[PDB]
Every structure is written in structure tokens, then in C-alpha cells.
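> The following block contains the structure, expressed as C-alpha cells.
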Amino acid sequence: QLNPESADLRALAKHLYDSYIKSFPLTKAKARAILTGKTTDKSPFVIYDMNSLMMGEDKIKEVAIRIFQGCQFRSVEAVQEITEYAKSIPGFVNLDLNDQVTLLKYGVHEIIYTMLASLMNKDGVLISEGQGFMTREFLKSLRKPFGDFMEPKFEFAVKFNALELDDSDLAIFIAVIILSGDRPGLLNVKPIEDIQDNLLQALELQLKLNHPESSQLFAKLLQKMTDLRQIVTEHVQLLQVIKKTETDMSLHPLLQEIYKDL
Amino acid sequence: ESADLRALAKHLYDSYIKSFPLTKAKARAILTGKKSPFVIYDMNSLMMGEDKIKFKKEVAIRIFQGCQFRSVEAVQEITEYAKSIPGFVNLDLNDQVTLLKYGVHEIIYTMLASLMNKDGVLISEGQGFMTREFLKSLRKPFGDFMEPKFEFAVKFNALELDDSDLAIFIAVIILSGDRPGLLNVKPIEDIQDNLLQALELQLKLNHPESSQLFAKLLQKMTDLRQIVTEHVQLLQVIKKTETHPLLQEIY
Ligand SMILES: COc1ccc2c(c1)c(CC(=O)O)c(C)n2C(=O)c1ccc(Cl)cc1
Ligand SMILES: COc1ccc2c(c1)c(CC(=O)O)c(C)n2C(=O)c1ccc(Cl)cc1
Ligand SMILES: COc1ccc2c(c1)c(CC(=O)O)c(C)n2C(=O)c1ccc(Cl)cc1
């Protein structure tokens, strides 16, 4: 049943889950509760058009660019949360400082899209800490350059969410993503792969115990990692179109460094 | 199932051995040193190997075209192999075509790695060895079409997989249920599910040593698809060169 090796893996899964809850205010469990059905101030105000958007700004704490800026800041914040979480991953802070930067530089967006799926269903996405919900249709109808940014995330989210992972699963998966080893520019790949192998072992057991009847969930989840890369690249090219189409459009420095020479 | 997975593994290996002329074991012997292949390291050596070895104006272009000739050949070998995978033939015909159309490229690079090392690649069934430098020394954008494969190969070969491993991995690549246009994704995923179990057992029995090799191999699929997207890119750019009708059709 349980053994010395298996026991260390469960301890790691728990540590990671506990750190995950402490680092990310809006978990998938909370997201799903708001999306499925409640009464408490859990019910989100829905934005599906210009007027409703107008209304949401009064109920929630051109539009194309206003949505852009809001989504832009939330990513900066997400980077901060992910960065905080990364430090809790055993051995991560002990690695060469440059590699810590490299790992974050490349894992941050893959993680952002992974967790964003937790806030999405086929019809829309929770915003402003769960207070609002912006429909998929509204986002897809935005001015040419802007109405093409979210669909690819929704397409991914609908399929990824089909795996039915919960937060304890995601906590370990997110750690695996960060501690890659095949990221461009890494100095000491060995120590990084040793940590990842251990996280992989933890994720494998975690999925088997939490999802007994889900055959090869582990392999299916790992394959999803390719969907994430695709999302990142595609997103980058779309970002380049924006930089040129809206010379009056900014872009937070933090995000700008992540994308530099990516 | 313990035994049902090994039967599947053995079956794929046997079929893979029969569908693919040059195996990794075969190529490895030839690559490290175990008939010394003709080496193409520069222009004159190529020219010599052409009439001396006999393969099948402007070198960069002819080399690029030879890559296509071999790719098309490989496709038939892969198609035949795909047909030996249990369940494949019973799938909707259009899906089979969809799965092959999107999978051959991934498989081509996977297998191409078996014939590469950090210094070059084995050509024309091991008879030759085109050097990595000669390839990188090609002009226009041609001196950069093989390099990404080498970099992928270098990383992929580090897993030290053997033919029996690759046989199952290649079947997994073919039965990808996320290919665009599929009409009945279920059977495809049910087969890949069965193949993934077989691949997992195979890697644990064949390499007790390397921890999480199964997971590491699957992560390599991220790399593969990038090599492909990237390859499709260069191919379109190449579509901007002046320097048949029936051949252009075949390819
Ligand atoms: C998945 O990408 C998005 C897209 C739109 C977003 C957000 C995130 C967040 C943040 C979040 O969801 O956590 C908010 C608040 N969005 C807004 O709709 C918005 C609307 C008007 C203004 Cl002025 C500013 C922001
Ligand atoms: C959670 O995933 C996303 C999705 C879209 C994003 C971003 C992050 C970031 C932040 C980043 O990429 O670091 C920017 C700047 N996005 C946009 O360009 C954008 C354009 C138009 C609209 Cl309507 C909404 C968003
Ligand atoms: C699985 O599909 C392929 C695709 C391309 C290939 C090969 C196999 C092999 C392996 C083989 O042919 O045995 C080689 C050597 N490829 C070349 O890059 C190449 C380049 C220039 C010329 Cl002129 C000829 C071949």
C-alpha cells in the first residue's frame, strides 16, 4: 500500500498544495463554485456587451484597449503570484540565480494559461477576482486585432478542463512546468531535471490516487504541455501585431522582458 | 494485462522492423564504427558520392530536393507500419488519412534522429554520411533547414531509446486524437490509451535505470511539433526561388 518512497511523494504533494492555496487567491474550487451556482455574493455580474461593460465598471471593483490594459495588469499580478509559488518548490531557490530567472521567464505564461482555464467554461471567463464574468462572444467581437486573442485560450481551456483536474493536481503540474530543464539558456540542466523527475513522480502518484478510474491521465496531462507552447508562440505573434497597429499602446515592462528574445 | 501489453509491444517491434529498412541499432553500429559509409563533407565529396555511390545545377537546391524525395519514400514506410497497429485499419477511412497526414512529419524527425549524431546524418540507407557542417554551410536559407533537426536529435538521442522503444512511441504519435478534422476521436484515443500503457511498461522494463523516462519522452512531443511548425515555415519561405511538373505533383 504505502511505503517509505511513496510517503515522501505524498508529503511533497501536500506541501505543494498548501503553498498553492497560499499563493493563488482564486483557486479552481472557488472558480467552479461561482460558475456552477450559488446565491452568496458569489454570483458574478455578467458583461456581454458595451452597455453591460459600462454597467460593470460601477458594480465591479475604446473598450478594446481598456480590456487590453486590464488583462495586461492581471498578468503582471499573476506573474507575481507564480513567482511567489515557485520559491516554495523545494530546491528552486537553491539553483543558480540565472536559471531561476530563465525558468520563470519561460514557465510563467504556460502556467498562466493553465490556471486561466480554471476560470473559464465554453461561454466565458471570470474576471476581477470572480466578481465579473466576461462572455466569450463579447471578447470575440472586439476590434480586429483584439477579438482574436482570447479564443485560442478558450479552445484550450474547454479541452484541458475535460481532464477534470482539481487544485491539488494543478499545484504539482504547475511545479513540473516550471522546473523544465529544456528551457533555452539553462546553465545547469542536471540539478533542474533531478527536481523535475521528483515532481513527476509526485504528480504520477497524485493522479493515480485522486483519479483511480481516469486511465493514463498522467500521459494525457503531459501531452497538454504542447498545447501550452502553441498558445504562447501564437500569442507572441499576436502581440507583435498589436505593437505595430497601436503605437499608442503600451505594454508593462515586466511582460516586455519575459517576451524579449523568448 | 501485464502480458497483453508485452504482446502489443512485441508486435509493434516486429512490424516496425519489417516496415523500416534502416533501424536505429543498424544506424548506431554504422555511426560509431562497427563498410565505412561514403562521407559528404564538402562540394567535391558530394559530386564524387553522386556517381561513385549513386543516390536517388545548384547544390543547395538539389540537396533540399533530395530531402523531399526521401521524405516521400519514408511516408509510405510509415503508412504501412501504421496499418499494423491494432485498431488503426478499423477506424473511419478519412480519420486514418487525417492521422497520417498530420503524423508523418513528427515521425519523420523522430526517426531521423536515429540516423543522426552531433556531427552528421546517415543518407541513402547508411551508404553515406552527410556532415552537419556541410549542411550548415549551405547558402540562402538552406544552410538552416537541417540544423533544427540536429538540435532536436541531440536532445532526443540523450534518452538512449532503442528500436523496441521507438516502435511503440511512433504508434502513439500516429494515434493522436487532437488532430484537426477527426470525425470519431473516441477509438483513436482508446487505442493511444492502450499504446501509452504499452509504452510505459516497455520503458520501465527496458530501462529500470532512467527514472520517469516515460514522462520525459512525452515531453519531447512538445519539441517535435515545434520542429514541424518551424519546418512548415521555412518551406513556405523557400516558395520564393526561381530555381518537373509531374514530379512537383508527386511531392
Ligand atoms: C483573461 O484575460 C482577461 C480579460 C479581461 C479582463 C481580465 C482578464 C481581468 C482580470 C481578471 O480576470 O482577474 C479583468 C478585470 N478584465 C476586464 O474585463 C476589464 C474590463 C475593463 C477594464 Cl477598464 C479593465 C479590465
Ligand atoms: C490570460 O492570458 C492573456 C490573454 C490575452 C492577453 C494577455 C494574457 C496579456 C498579458 C501578457 O501576455 O503578459 C495581454 C497584453 N493580452 C492581450 O493582448 C489582450 C488583447 C485584447 C483583449 Cl480584448 C484582451 C487581452
Ligand atoms: C524519415 O524521413 C527522412 C527525411 C529526410 C532524411 C531522411 C529520412 C534520411 C535518412 C535516410 O535517407 O536513410 C536522410 C539522410 N534525410 C535527409 O535529411 C537528406 C538530405 C539530403 C539528401 Cl540529398 C538526402 C537525404
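The chains in the C-alpha cells are called A, B, ... from first to last as shown; in each chain the residues are counted from 1, and the ligands are counted from 1 in the order shown.
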Find the residues around range 149-152 of chain A up to 7 Å (only C-alpha atoms counted), leave out those fewer than 5 positions away in its own chain, and share them as a ChimeraX atom specification.
/A:139-140,231
> Given a cut-off of 7 Å, what residues near ligand 2 show up using only C-alpha atoms and all ligand atoms, put as a ChimeraX atom specification?
/A:64-65,67-69,71-72,75-76,112-113,116,139,142,146-147,149-150,239,251,255
> Report as a ChimeraX atom specification which protein, DNA and RNA residues come within 6 Å of ligand 1, using only C-alpha atoms and all ligand atoms.
/A:66-67,70-71,74,126-129
> What does the file look like for those residues with C-alpha atoms, as a short mmCIF file (atom, residue, chain, number, x, y, z; two decimals), in the first residue's frame?

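Saved the output as part-v7.cif:
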data_model
loop_
_atom_site.label_atom_id
_atom_site.label_comp_id
_atom_site.auth_asym_id
_atom_site.auth_seq_id
_atom_site.Cartn_x
_atom_site.Cartn_y
_atom_site.Cartn_z
CA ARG A 66 -9.40 49.16 -21.80
CA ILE A 67 -9.82 45.38 -21.72
CA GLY A 70 -6.88 45.27 -17.55
CA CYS A 71 -5.80 41.89 -18.83
CA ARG A 74 -3.76 40.93 -14.17
CA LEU A 126 -14.32 35.04 -14.60
CA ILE A 127 -12.68 38.44 -14.07
CA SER A 128 -11.78 40.73 -11.20
CA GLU A 129 -11.35 38.00 -8.58
#
> Would you please work out which residue, of A:124, A:91, A:181, A:130, is nearest to chain B when using only C-alpha atoms?
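Of A:124, A:91, A:181, A:130, the one nearest chain B is A:181, counting only C-alpha atoms.
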> Taking the chain letters and numbering used in this document, name the residues of range 31-146 of chain A that DSSP puts in strand (DSSP E or B), as a list in words.
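Residues meeting the strand (DSSP E or B) criterion: residues 45, 46, 47, 120, 121, 124, 125, 126, 127, 132, 133, 134 and 135 of chain A.
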> Print the selection's residues with N, CA, C and O atoms to a file, as a PDB file, in the first residue's frame.

ATOM      1  N   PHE A  45     -21.315  39.467 -11.905  1.00  0.00           N
ATOM      2  CA  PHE A  45     -22.086  40.373 -12.746  1.00  0.00           C
ATOM      3  C   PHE A  45     -21.621  40.030 -14.146  1.00  0.00           C
ATOM      4  O   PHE A  45     -20.427  39.994 -14.402  1.00  0.00           O
ATOM      5  N   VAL A  46     -22.545  39.792 -15.064  1.00  0.00           N
ATOM      6  CA  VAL A  46     -22.141  39.422 -16.412  1.00  0.00           C
ATOM      7  C   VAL A  46     -22.024  40.567 -17.425  1.00  0.00           C
ATOM      8  O   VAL A  46     -22.932  41.389 -17.573  1.00  0.00           O
ATOM      9  N   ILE A  47     -20.887  40.595 -18.120  1.00  0.00           N
ATOM     10  CA  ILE A  47     -20.600  41.598 -19.141  1.00  0.00           C
ATOM     11  C   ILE A  47     -20.601  40.892 -20.494  1.00  0.00           C
ATOM     12  O   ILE A  47     -19.755  40.052 -20.764  1.00  0.00           O
ATOM     13  N   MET A 120     -12.398  29.553 -16.741  1.00  0.00           N
ATOM     14  CA  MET A 120     -13.195  29.520 -17.968  1.00  0.00           C
ATOM     15  C   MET A 120     -14.126  28.318 -18.169  1.00  0.00           C
ATOM     16  O   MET A 120     -13.887  27.234 -17.661  1.00  0.00           O
ATOM     17  N   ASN A 121     -15.200  28.543 -18.917  1.00  0.00           N
ATOM     18  CA  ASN A 121     -16.104  27.473 -19.339  1.00  0.00           C
ATOM     19  C   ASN A 121     -16.295  27.858 -20.796  1.00  0.00           C
ATOM     20  O   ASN A 121     -15.809  28.914 -21.205  1.00  0.00           O
ATOM     21  N   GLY A 124     -17.460  31.751 -21.279  1.00  0.00           N
ATOM     22  CA  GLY A 124     -16.788  32.956 -20.829  1.00  0.00           C
ATOM     23  C   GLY A 124     -15.699  32.763 -19.797  1.00  0.00           C
ATOM     24  O   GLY A 124     -15.257  31.636 -19.552  1.00  0.00           O
ATOM     25  N   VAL A 125     -15.278  33.868 -19.182  1.00  0.00           N
ATOM     26  CA  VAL A 125     -14.215  33.828 -18.194  1.00  0.00           C
ATOM     27  C   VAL A 125     -14.432  34.761 -17.004  1.00  0.00           C
ATOM     28  O   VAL A 125     -14.821  35.923 -17.161  1.00  0.00           O
ATOM     29  N   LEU A 126     -14.183  34.244 -15.809  1.00  0.00           N
ATOM     30  CA  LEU A 126     -14.321  35.037 -14.600  1.00  0.00           C
ATOM     31  C   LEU A 126     -13.254  36.134 -14.600  1.00  0.00           C
ATOM     32  O   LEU A 126     -12.122  35.905 -15.026  1.00  0.00           O
ATOM     33  N   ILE A 127     -13.622  37.326 -14.140  1.00  0.00           N
ATOM     34  CA  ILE A 127     -12.678  38.437 -14.069  1.00  0.00           C
ATOM     35  C   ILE A 127     -12.792  39.158 -12.737  1.00  0.00           C
ATOM     36  O   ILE A 127     -13.751  38.959 -11.986  1.00  0.00           O
ATOM     37  N   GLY A 132     -16.772  39.429 -11.708  1.00  0.00           N
ATOM     38  CA  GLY A 132     -17.395  39.559 -13.007  1.00  0.00           C
ATOM     39  C   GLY A 132     -17.178  38.337 -13.875  1.00  0.00           C
ATOM     40  O   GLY A 132     -16.429  37.431 -13.523  1.00  0.00           O
ATOM     41  N   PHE A 133     -17.853  38.316 -15.015  1.00  0.00           N
ATOM     42  CA  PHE A 133     -17.750  37.224 -15.972  1.00  0.00           C
ATOM     43  C   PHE A 133     -17.913  37.870 -17.327  1.00  0.00           C
ATOM     44  O   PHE A 133     -18.963  38.439 -17.615  1.00  0.00           O
ATOM     45  N   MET A 134     -16.875  37.808 -18.150  1.00  0.00           N
ATOM     46  CA  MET A 134     -16.937  38.387 -19.486  1.00  0.00           C
ATOM     47  C   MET A 134     -17.175  37.254 -20.472  1.00  0.00           C
ATOM     48  O   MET A 134     -16.404  36.295 -20.518  1.00  0.00           O
ATOM     49  N   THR A 135     -18.238  37.363 -21.265  1.00  0.00           N
ATOM     50  CA  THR A 135     -18.578  36.298 -22.197  1.00  0.00           C
ATOM     51  C   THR A 135     -17.574  36.128 -23.322  1.00  0.00           C
ATOM     52  O   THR A 135     -16.896  37.073 -23.723  1.00  0.00           O
TER      53      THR A 135
END
> Mind listing as an NGL selection string which residues of chain B are within 9 Å of chain A, counting only C-alpha atoms?
:B and (155 or 193 or 196-197 or 211-216 or 218-219 or 221-223 or 225-226)
> Store the residues picked out above in a file with N, CA, C and O atoms, as an mmCIF file, in the first residue's frame.

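Saved result, selection-v3.cif, follows:
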data_model
loop_
_atom_site.group_PDB
_atom_site.id
_atom_site.type_symbol
_atom_site.label_atom_id
_atom_site.label_comp_id
_atom_site.auth_asym_id
_atom_site.auth_seq_id
_atom_site.Cartn_x
_atom_site.Cartn_y
_atom_site.Cartn_z
ATOM 1 N N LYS B 155 19.156 16.327 -28.443
ATOM 2 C CA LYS B 155 18.375 16.191 -27.222
ATOM 3 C C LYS B 155 17.639 14.859 -27.158
ATOM 4 O O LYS B 155 17.702 14.164 -26.147
ATOM 5 N N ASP B 193 -4.510 5.198 -25.796
ATOM 6 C CA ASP B 193 -4.506 4.885 -24.367
ATOM 7 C C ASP B 193 -3.823 3.523 -24.184
ATOM 8 O O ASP B 193 -2.917 3.372 -23.369
ATOM 9 N N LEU B 196 -0.119 3.815 -24.937
ATOM 10 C CA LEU B 196 0.618 4.531 -23.892
ATOM 11 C C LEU B 196 0.932 3.612 -22.713
ATOM 12 O O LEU B 196 1.982 3.732 -22.076
ATOM 13 N N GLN B 197 0.022 2.690 -22.425
ATOM 14 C CA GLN B 197 0.248 1.738 -21.348
ATOM 15 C C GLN B 197 1.385 0.828 -21.787
ATOM 16 O O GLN B 197 2.290 0.523 -21.012
ATOM 17 N N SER B 211 14.789 7.109 -14.378
ATOM 18 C CA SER B 211 13.527 7.466 -13.744
ATOM 19 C C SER B 211 12.696 8.391 -14.618
ATOM 20 O O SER B 211 13.234 9.276 -15.300
ATOM 21 N N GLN B 212 11.383 8.178 -14.595
ATOM 22 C CA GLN B 212 10.454 8.994 -15.365
ATOM 23 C C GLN B 212 10.833 9.163 -16.842
ATOM 24 O O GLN B 212 10.673 10.244 -17.408
ATOM 25 N N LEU B 213 11.326 8.096 -17.468
ATOM 26 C CA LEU B 213 11.693 8.159 -18.882
ATOM 27 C C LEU B 213 10.419 8.292 -19.725
ATOM 28 O O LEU B 213 10.420 8.928 -20.774
ATOM 29 N N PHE B 214 9.333 7.692 -19.252
ATOM 30 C CA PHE B 214 8.052 7.763 -19.955
ATOM 31 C C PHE B 214 7.628 9.228 -20.095
ATOM 32 O O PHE B 214 7.291 9.697 -21.196
ATOM 33 N N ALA B 215 7.664 9.942 -18.967
ATOM 34 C CA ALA B 215 7.296 11.352 -18.905
ATOM 35 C C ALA B 215 8.230 12.197 -19.743
ATOM 36 O O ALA B 215 7.797 13.133 -20.415
ATOM 37 N N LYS B 216 9.516 11.874 -19.705
ATOM 38 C CA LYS B 216 10.498 12.635 -20.467
ATOM 39 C C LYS B 216 10.316 12.475 -21.966
ATOM 40 O O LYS B 216 10.513 13.417 -22.730
ATOM 41 N N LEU B 218 7.461 11.802 -23.493
ATOM 42 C CA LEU B 218 6.238 12.515 -23.855
ATOM 43 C C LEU B 218 6.465 14.023 -23.927
ATOM 44 O O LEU B 218 5.859 14.710 -24.744
ATOM 45 N N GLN B 219 7.337 14.543 -23.071
ATOM 46 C CA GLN B 219 7.624 15.973 -23.090
ATOM 47 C C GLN B 219 8.310 16.325 -24.404
ATOM 48 O O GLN B 219 8.200 17.451 -24.884
ATOM 49 N N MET B 221 7.444 15.558 -27.181
ATOM 50 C CA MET B 221 6.457 15.780 -28.225
ATOM 51 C C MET B 221 6.249 17.276 -28.418
ATOM 52 O O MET B 221 5.840 17.735 -29.487
ATOM 53 N N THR B 222 6.554 18.040 -27.377
ATOM 54 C CA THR B 222 6.437 19.485 -27.451
ATOM 55 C C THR B 222 7.509 19.965 -28.430
ATOM 56 O O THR B 222 7.257 20.798 -29.303
ATOM 57 N N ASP B 223 8.708 19.413 -28.281
ATOM 58 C CA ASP B 223 9.823 19.764 -29.145
ATOM 59 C C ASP B 223 9.495 19.396 -30.590
ATOM 60 O O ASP B 223 9.630 20.222 -31.494
ATOM 61 N N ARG B 225 6.670 18.943 -32.351
ATOM 62 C CA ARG B 225 5.715 19.807 -33.028
ATOM 63 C C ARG B 225 6.275 21.175 -33.375
ATOM 64 O O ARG B 225 5.834 21.796 -34.339
ATOM 65 N N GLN B 226 7.252 21.639 -32.602
ATOM 66 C CA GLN B 226 7.859 22.936 -32.864
ATOM 67 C C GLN B 226 8.762 22.811 -34.087
ATOM 68 O O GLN B 226 8.834 23.714 -34.920
#
> Show me, as a PyMOL selection string, the residues that have an atom within 9 Å of range 156-159 of chain B when counting only C-alpha atoms, minus same-chain residues fewer than 5 positions from it.
chain B and resi 110+113-114+116-117+151+210+213+216-217+220
> Okay, now the selection with C-alpha atoms, as a PDB file, in the first residue's frame?

ATOM      1  CA  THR B 110      11.734  11.234 -34.566  1.00  0.00           C
ATOM      2  CA  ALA B 113      17.256  11.267 -35.016  1.00  0.00           C
ATOM      3  CA  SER B 114      18.047   7.563 -35.012  1.00  0.00           C
ATOM      4  CA  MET B 116      21.955  11.389 -36.610  1.00  0.00           C
ATOM      5  CA  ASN B 117      24.644  12.286 -34.103  1.00  0.00           C
ATOM      6  CA  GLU B 151      19.476  20.121 -32.280  1.00  0.00           C
ATOM      7  CA  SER B 210      16.200   6.022 -16.010  1.00  0.00           C
ATOM      8  CA  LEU B 213      11.693   8.159 -18.882  1.00  0.00           C
ATOM      9  CA  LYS B 216      10.498  12.635 -20.467  1.00  0.00           C
ATOM     10  CA  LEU B 217       9.741  11.025 -23.811  1.00  0.00           C
ATOM     11  CA  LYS B 220       9.696  15.568 -26.260  1.00  0.00           C
TER      12      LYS B 220
END
> Residues of chain B that have any atom at most 7 Å from an atom of ligand 3: could you tabulate them with the shortest-distance atom pair and the distance in Å to one decimal, using only C-alpha atoms and all ligand atoms, ordered by chain and increasing number, as CSV?

residue,atom,partner,partner_atom_place_in_ligand_line,distance
B:22,CA,ligand 3,13 (O),6.5
B:62,CA,ligand 3,23 (Cl),6.7
B:63,CA,ligand 3,23 (Cl),4.2
B:64,CA,ligand 3,21 (C),5.9
B:65,CA,ligand 3,23 (Cl),6.9
B:66,CA,ligand 3,23 (Cl),3.9
B:67,CA,ligand 3,20 (C),4.0
B:68,CA,ligand 3,5 (C),6.8
B:70,CA,ligand 3,4 (C),5.4
B:71,CA,ligand 3,4 (C),4.2
B:74,CA,ligand 3,2 (O),4.9
B:107,CA,ligand 3,1 (C),6.9
B:108,CA,ligand 3,1 (C),3.6
B:109,CA,ligand 3,1 (C),6.1
B:111,CA,ligand 3,1 (C),5.6
B:112,CA,ligand 3,1 (C),5.2
B:115,CA,ligand 3,10 (C),6.3
B:121,CA,ligand 3,15 (C),5.6
B:122,CA,ligand 3,15 (C),4.9
B:123,CA,ligand 3,15 (C),3.4
B:124,CA,ligand 3,12 (O),4.5
B:125,CA,ligand 3,13 (O),4.0
B:126,CA,ligand 3,13 (O),6.0
B:146,CA,ligand 3,18 (O),6.8
> How would the residues just chosen look if you wrote them out with C-alpha atoms as a PDB file, in the first residue's frame?

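Dumped to part.pdb:
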ATOM      1  CA  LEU B  22      17.471   1.177 -41.604  1.00  0.00           C
ATOM      2  CA  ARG B  62      19.412  19.572 -55.153  1.00  0.00           C
ATOM      3  CA  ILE B  63      20.232  18.670 -51.548  1.00  0.00           C
ATOM      4  CA  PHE B  64      16.966  20.233 -50.397  1.00  0.00           C
ATOM      5  CA  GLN B  65      15.110  18.296 -53.083  1.00  0.00           C
ATOM      6  CA  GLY B  66      16.767  15.023 -52.116  1.00  0.00           C
ATOM      7  CA  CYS B  67      15.412  15.545 -48.612  1.00  0.00           C
ATOM      8  CA  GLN B  68      11.936  15.734 -50.091  1.00  0.00           C
ATOM      9  CA  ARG B  70      13.447  10.657 -49.143  1.00  0.00           C
ATOM     10  CA  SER B  71      10.621  12.151 -47.075  1.00  0.00           C
ATOM     11  CA  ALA B  74       9.543   7.471 -45.702  1.00  0.00           C
ATOM     12  CA  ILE B 107       7.557  10.647 -37.028  1.00  0.00           C
ATOM     13  CA  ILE B 108       9.995  11.607 -39.754  1.00  0.00           C
ATOM     14  CA  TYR B 109      12.014  13.771 -37.338  1.00  0.00           C
ATOM     15  CA  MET B 111      13.194   8.527 -36.791  1.00  0.00           C
ATOM     16  CA  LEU B 112      15.665  10.875 -38.454  1.00  0.00           C
ATOM     17  CA  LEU B 115      20.268   8.293 -38.009  1.00  0.00           C
ATOM     18  CA  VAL B 121      23.359  12.223 -40.660  1.00  0.00           C
ATOM     19  CA  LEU B 122      23.293   8.877 -42.464  1.00  0.00           C
ATOM     20  CA  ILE B 123      21.891   9.164 -46.005  1.00  0.00           C
ATOM     21  CA  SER B 124      20.694   6.674 -48.647  1.00  0.00           C
ATOM     22  CA  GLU B 125      20.249   3.766 -46.246  1.00  0.00           C
ATOM     23  CA  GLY B 126      23.545   4.201 -44.437  1.00  0.00           C
ATOM     24  CA  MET B 146      18.659  20.720 -41.208  1.00  0.00           C
TER      25      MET B 146
END
> Please return as a PyMOL selection string: the residues of range 18-88 of chain B that backbone DSSP assigns to helix (DSSP H, G or I).
chain B and resi 18-19+24-32+43-52+59-82+88
> Excluding residue 172 in chain A and any residue of its chain fewer than 3 positions from it, enumerate the residues within 7 Å of it, using only C-alpha atoms, and give them as a ChimeraX atom specification.
/A:13,16,168-169,175-176,199,203
> What does the file look like for those residues with N, CA, C and O atoms, as a PDB file, in the first residue's frame?

ATOM      1  N   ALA A  13       3.447  16.393  -2.317  1.00  0.00           N
ATOM      2  CA  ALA A  13       2.195  16.810  -2.935  1.00  0.00           C
ATOM      3  C   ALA A  13       1.452  17.756  -1.990  1.00  0.00           C
ATOM      4  O   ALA A  13       0.912  18.777  -2.411  1.00  0.00           O
ATOM      5  N   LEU A  16       3.180  21.224  -1.652  1.00  0.00           N
ATOM      6  CA  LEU A  16       2.910  21.983  -2.857  1.00  0.00           C
ATOM      7  C   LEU A  16       1.477  22.506  -2.898  1.00  0.00           C
ATOM      8  O   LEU A  16       1.240  23.656  -3.288  1.00  0.00           O
ATOM      9  N   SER A 168      -5.253  20.396  -6.086  1.00  0.00           N
ATOM     10  CA  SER A 168      -4.133  19.597  -5.609  1.00  0.00           C
ATOM     11  C   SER A 168      -3.368  19.006  -6.806  1.00  0.00           C
ATOM     12  O   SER A 168      -2.140  18.885  -6.761  1.00  0.00           O
ATOM     13  N   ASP A 169      -4.081  18.663  -7.878  1.00  0.00           N
ATOM     14  CA  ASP A 169      -3.428  18.138  -9.080  1.00  0.00           C
ATOM     15  C   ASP A 169      -2.624  19.256  -9.760  1.00  0.00           C
ATOM     16  O   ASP A 169      -1.453  19.081 -10.101  1.00  0.00           O
ATOM     17  N   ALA A 175       4.244  23.013 -10.892  1.00  0.00           N
ATOM     18  CA  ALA A 175       5.634  22.894 -10.448  1.00  0.00           C
ATOM     19  C   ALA A 175       6.476  22.162 -11.502  1.00  0.00           C
ATOM     20  O   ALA A 175       7.651  22.496 -11.723  1.00  0.00           O
ATOM     21  N   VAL A 176       5.871  21.163 -12.146  1.00  0.00           N
ATOM     22  CA  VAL A 176       6.561  20.393 -13.181  1.00  0.00           C
ATOM     23  C   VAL A 176       6.881  21.322 -14.343  1.00  0.00           C
ATOM     24  O   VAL A 176       7.981  21.295 -14.883  1.00  0.00           O
ATOM     25  N   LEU A 199       9.254  15.741  -9.014  1.00  0.00           N
ATOM     26  CA  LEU A 199       7.927  16.329  -9.117  1.00  0.00           C
ATOM     27  C   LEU A 199       7.056  15.435 -10.005  1.00  0.00           C
ATOM     28  O   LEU A 199       5.861  15.250  -9.745  1.00  0.00           O
ATOM     29  N   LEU A 203       3.532  13.919  -9.132  1.00  0.00           N
ATOM     30  CA  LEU A 203       2.338  14.098  -9.962  1.00  0.00           C
ATOM     31  C   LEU A 203       1.706  12.760 -10.374  1.00  0.00           C
ATOM     32  O   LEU A 203       0.482  12.613 -10.372  1.00  0.00           O
TER      33      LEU A 203
END
> What lies within 10 Å of residue 258 in chain A using only C-alpha atoms, ignoring chain neighbours under 6 positions off, as a PyMOL selection string?
chain A and resi 101-102+104-109
> Given the selection you just returned, output its residues as a file containing C-alpha atoms, formatted as an mmCIF file, in the first residue's frame.

data_model
loop_
_atom_site.group_PDB
_atom_site.id
_atom_site.type_symbol
_atom_site.label_atom_id
_atom_site.label_comp_id
_atom_site.auth_asym_id
_atom_site.auth_seq_id
_atom_site.Cartn_x
_atom_site.Cartn_y
_atom_site.Cartn_z
ATOM 1 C CA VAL A 101 15.187 33.770 -13.922
ATOM 2 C CA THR A 102 15.274 31.617 -17.053
ATOM 3 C CA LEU A 104 10.388 31.789 -14.648
ATOM 4 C CA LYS A 105 10.829 33.662 -17.915
ATOM 5 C CA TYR A 106 9.694 30.549 -19.824
ATOM 6 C CA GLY A 107 7.250 28.899 -17.441
ATOM 7 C CA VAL A 108 5.177 31.890 -16.387
ATOM 8 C CA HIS A 109 2.866 32.103 -19.393
#
> Counting only C-alpha atoms, which residue out of A:21, A:221, A:34, A:7 sits closest to residue 171 in chain A?
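Among the listed residues, A:21 lies closest to residue 171 in chain A.
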> Between CA of residue 11 in chain A and CA of residue 170 in chain A, what is the spacing in Å?
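Answer for the CA of residue 170 in chain A to CA of residue 11 in chain A separation: 15.8 Å.
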> Of the candidates A:23, A:240, A:214, A:161, which one gets nearest to residue 85 in chain A if we count only C-alpha atoms?
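Counting only C-alpha atoms, the residue closest to residue 85 in chain A is A:23.
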> For residue 138 in chain B, work out the shell of residues within 12 Å, counting only C-alpha atoms and skipping chain neighbours fewer than 2 positions away, then give it as a list in words.
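Returned residues: residues 41, 42, 43, 58, 59, 60, 61, 62, 63, 64, 131, 132, 133, 134, 135, 136, 140, 141, 142, 143, 144, 145, 146 and 147 of chain B.
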> Tell me, as a PyMOL selection string, which residues lie within 12 Å of residue 194 in chain B, counting only C-alpha atoms; anything in the same chain fewer than 6 positions away does not count.
(chain A and resi 215-216+219) or (chain B and resi 1+4-9+85-87+168-169+171-172+175+187-188+200-201)
